[PDB]
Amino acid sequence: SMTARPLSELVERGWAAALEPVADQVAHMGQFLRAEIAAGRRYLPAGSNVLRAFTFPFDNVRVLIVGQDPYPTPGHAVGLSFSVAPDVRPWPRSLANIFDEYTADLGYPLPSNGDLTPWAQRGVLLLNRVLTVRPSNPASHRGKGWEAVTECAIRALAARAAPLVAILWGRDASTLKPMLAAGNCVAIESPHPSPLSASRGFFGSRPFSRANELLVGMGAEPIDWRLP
C-alpha cells in the first residue's frame, strides 16, 4: 500500500497533486510503519485508514478541523480525526465533549453515534497533525515524519483560490497556524476537547457557528453541521 503504491492510487486525484511535495515523505512513513510491525509494536489506525482524510476531494474543503493524533484505543481511530465507527460506544471522552459543545453551540440534539463521515462528505477535512499512534501511548509518533505531510496539506489548502476556515484543537494543531498566515484563510484556536484541556476554554468556544459566520463572510456556503 503506502510505501508500495504512489499517491495517485492512495488518495483522491486533487490531494495526490497537492501532496506531491511530500510524496517521498509519505513513502518514508510507509517504511517507518513496516519497521514498527517488524520490531513488534503496532499502530493505529489500520494501514488503509491512515490517509483517509485525503479520500474526500481537496477542491471541496471549506473547513479544516485539526486534532493532535489518532485515538490510542484499538477499535476507535478510523483515519478521520475524532470520528469512531457508527457501532462504537461509549464515545471517547474527547468526542462526548465535542458533542456537548455541538449541542450548546448549534442547538441540535446529541448525534445518534460518533461517525463524522457526514462532515467529511460536506467539506470538513478531519485531520490530525500526526496520522498514526502506537496503541495506548498518546503522542508516540510525534516527530516521526507526519508533521511535514500535515504541514504540506495545510499549505496546499491555503494556496487554493478557495475560502478556508481552520479549527485548531490543542498545541500540536496550533503549530500549523503560521502556514495559515494567508488572509483568505482565517483560524479558530481553542484548547483541545480532551478532558485534560477542555475546561481550559474548549467548552463555550462555539467553533461550529463561528466557522459558519466566517464562511458566510467570505461568500462561501456554511457547513451543514447537523448529524443524524
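Numbers for residues come from their place in the sequence shown, where the first is 1. We call the rigid core whatever largest set of C-alpha positions still superposes within 1.5 Å between the two forms.
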* Structure fact -> Between 167 to 175 and 57 to 65, the one drifting more in C-alpha RMS in 9 other deposited structures of this protein once the core is aligned is 167 to 175
* in 9 other deposited structures of this protein, rigid core aligned: more displaced of 189 to 197 and 29 to 37 by C-alpha RMS -> 189 to 197
* Which wins on mean Cα temperature factor, 216 to 224 or 203 to 211? -> 216 to 224
* Structure fact -> Stretch with higher mean Cα temperature factor, 44 to 52 vs 175 to 183, is 175 to 183
* Name the third of the chain's ranked CA B-factors that contains residue 196, choosing lowest, middle or highest. => highest
* **Third assignment of residue 106 from its chain's C-alpha B-factors** => highest
* If you rank every modelled residue in this chain by C-alpha B factor, which third holds residue 188: lowest, middle or highest? -> highest
* To do: Relative to the other modelled residues of the same chain, rank the CA B-factor of residue 60 and answer lowest, middle or highest third.
  => highest
* Structure fact -> Tertile call for residue 70 (CA temperature factor, within chain, third-based) is the lowest
